[PDB]
């Protein structure tokens, strides 16, 4: 009770159960999600409770891309019609949080799982995005593909792709990635974009190496968006990713 040094030394003999400890780590750890699960939950929930779930997905992605990942807050800021729509989504799909536990739907999550739509929608959306294409073309030495300008793009990169092309894309995505982060957190913000990286690198690999999509799928997606050619040789704008992505 009163000898602190000895109280502390006595901890050598305190129990340290692996099972209980890991159980704590399981509870304290950020857990990922399975994209596969998200796709299931959306559908089941939507189909259960209405409803044209395919639309909902597209709406959610838009919201997310435009407004970010906190839907409740979003409603406060917008039109009555707009807010009304959202009410339906929160109610129907139980949208919740940011990165809570597994098995729960989140707009950023939806964006990831259904990323094949997401990259399509980026085009029409470029300038209502928190970082615009236009800035990015300047920041870039060229036209920076709109399809990349969200995190979920990470979900379709194949590292295993020849010539480190997969690697390249990661770099070129990151370039966008900096800016995005100084955003979802006002700060954050320019801790030379290295600590901004460690900010995202961890769920970015996690998406990049998720096996939800096969290499064949990725290749097929990458071509369709014009990020790649049948020969699998990416465009020049990427090349400019890139070595550019280095300095920072």
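Positions refer to the first chain, counted from 1.
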| item | value |
| --- | --- |
| Higher-B stretch (mean Cα B-factor, as the entry records it), 2-10 or 238-246 | 238-246 |
| Comparing 180-188 with 215-223, the one whose average Cα B-factor in the PDB entry is higher | 180-188 |
| Identity of residue with top Cα B-factor, from 194, 26, 64, 40 | 194 |
| Where the record places residue 151 (Cα B-factor, split into thirds across the chain) | middle |
| Residue 35, C-alpha B-factor rank within chain (lowest, middle or highest third) | lowest |
| Modelled-residue ranking by C-alpha temperature factor, third containing residue 115 | lowest |
| Residue 46 CA temperature factor, ranked by third within the chain | middle |
| Entry-reported Cα temperature factor of residue 199, expressed as the chain third it lands in | highest |
